[PDB]
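Below is one structure, written out as structure tokens, with a few remarks after it.
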Amino acid sequence: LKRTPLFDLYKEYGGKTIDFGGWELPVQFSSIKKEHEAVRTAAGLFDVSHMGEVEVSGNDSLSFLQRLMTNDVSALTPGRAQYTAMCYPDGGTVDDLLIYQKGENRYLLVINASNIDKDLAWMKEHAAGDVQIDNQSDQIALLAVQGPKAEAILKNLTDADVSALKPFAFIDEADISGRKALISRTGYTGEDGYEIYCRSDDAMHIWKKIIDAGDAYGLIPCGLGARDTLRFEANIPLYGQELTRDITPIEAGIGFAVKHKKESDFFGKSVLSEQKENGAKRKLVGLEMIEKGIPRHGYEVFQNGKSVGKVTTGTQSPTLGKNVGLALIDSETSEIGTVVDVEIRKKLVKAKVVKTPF
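As structure tokens, this is what we get:
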């Protein structure tokens, strides 16, 4: 199986591993509930080195990126990053990703691990002009620190002024105990939070310095369990779930990342513009089960005997004390308070659409 440079460290911290799409990554280290609670009130350290990273350089890199991306990548300056979708002509999603501008006409694309080869072929297909696409995936590790105490812990790791960083701002080549790392103010949890990109070699080192520096603040290793519980409460999409070949960024609730009046044409622009200006026929919602049952990805959602969509992620909400779900459903069913039926092993169980994000 596929393994991050952090792998050999999991046993020590009690990492229960799962074969998450070829990569074996931790679902937990102690408890989904405790991990969620930590990132909510202390901080939490996720290994996220499965992610791919691709350098795009050349004089025509910006024009190339502007056709490929839904966001206006002109808005970037070196030291700044943005979240974006990459769409097919029909507005279906190739991937969602972060682009960092590292300098004039150099860009770092942080892409989903599952999609690196897909994304690469799609990009190389539409290359034109002076554009170089360099896969740097197996050279870069990624550690994320997430919570109200994340800033306080990060002070203790580097001399660089990470406290000055605004959201989506980054410092490159910053020193963490003699280790050069890119530090960005970006998360995947819905709290204050930073992400640390380093050489594969240096990941375990930095991991240890983060557990040490976080010990006093209540910092624990967190996994994919907590990751999804946090995503619900923040209504954050995950590719393969909220975002796929068949779901539009508008439908997934990330229209903010679609700048449909960009002067540049981009793949999907016409379809996405209409969905932005008129509203989409499907809407990503939160579901909480009113009746006993476990929702998972793919379960049909019904109202009055007719399908209205599908559950896209299943998880638990400590906040509510309930089983909960993110679902993509018809817009006319999407109002808060609406009751629906989610099919769990050939029997319809009720759920009530709730306010998300929190």
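Under the deposited numbering, the first residue of the sequence shown carries the number 2, and numbering increases by one thereafter. Just so it is clear, CB atoms sit at the ideal spot from N, CA and C, and this is done for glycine as well.
Taking the CB atoms as reference points, tell me whether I345 and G294 lie closer together than 9 Å. Yes, the Cβ-Cβ distance between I345 and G294 is below 9 Å.
Any contact of the region 228 to 239 with the region 58 to 66, i.e. 3+ C-beta pairs under 8 Å? With the rule of 3 Cβ pairs closer than 8 Å, the region 228 to 239 does not count as touching the region 58 to 66.
Rounded to whole angstroms, what is the Cα-Cα separation between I212 and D96? For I212 and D96, the distance between alpha carbons rounds to 32 Å.
Taking 9 Å as the cut-off, decide whether the C-beta atoms of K270 and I251 are in contact. Against a cut-off of 9 Å, the Cβ pair of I251 and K270 comes out as no contact.
Measure the beta-carbon distance from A170 to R186 and round it to whole angstroms, keeping in mind my assumption that it falls under 8 Å. Going by Cβ atoms, the distance from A170 to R186 rounds to 6 Å, so yes, they are a contact pair.
Just mark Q137 as buried or exposed, buried being the case when its beta carbon has 16 or more other beta carbons within 10 Å. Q137 should be labelled exposed.
To the nearest whole angstrom, what separates the beta carbons of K353 and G338, a pair I think is in contact under 8 Å? Yes, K353 and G338 are in contact; Cβ-Cβ is about 7 Å, under 8 Å.
C-alpha distance - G315 paired with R41, whole-angstrom precision: So the two alpha carbons sit approximately 20 Å from each other.
Range of the contiguous alpha helix (DSSP H) that encloses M205: DSSP places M205 in the uninterrupted alpha helix (DSSP H) bounded by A204 to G215.
Rounded to a whole number of angstroms, what is the C-alpha to C-alpha distance between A128 and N60? Going from the Cα of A128 to the Cα of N60 covers about 12 Å.
Whole-angstrom Cβ separation of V259 and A86, contact assumed at under 8 Å? At roughly 7 Å, the Cβ-Cβ gap stays under 8 Å, so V259 and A86 are in contact.
Under 8 Å, with one C-beta from each stretch per pair, do the region 181 to 195 and the region 146 to 161 reach the 3-pair mark? Pairwise C-beta distances place the region 181 to 195 in contact with the region 146 to 161, as three or more of them are shorter than 8 Å.
Excluding the 5 residues flanking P168 on each side, which residues of the same chain have their C-beta closer than 6 Å to its C-beta? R186, listed in sequence order.
Pull up the DSSP beta-bridge partners for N305, would you. The partner list for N305 (beta bridge, DSSP) is empty, contrary to what the question assumes.
In three-state DSSP terms, what is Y89? Looking at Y89 - three-state DSSP - the assignment turns out to be coil, as it is neither helix nor strand.
Inspect the beta-carbon positions of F268 and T320 and report whether they are closer than 9 Å. No. Outside cutoff.
Using three-state DSSP, classify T18 as helix, strand or coil. The answer is strand: DSSP assigns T18 an E or B state.
Best match in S58, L285, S308 and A165 for proximity to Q242 [C-alpha to C-alpha]: Ranking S58, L285, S308 and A165 by Cα distance to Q242 puts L285 first.
Check whether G299 and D331 have beta carbons under 9 Å apart: Taking 9 Å as the cut-off, the Cβ atoms of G299 and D331 do not count as close.
Drop a sphere of 10 angstroms on the beta-carbon of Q29, count the other beta-carbons inside from all chains shown, and report buried for 16 or more, exposed for fewer. A residue is called buried when at least 16 other Cβ atoms come within 10 angstroms of its Cβ; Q29 meets this threshold and is buried.
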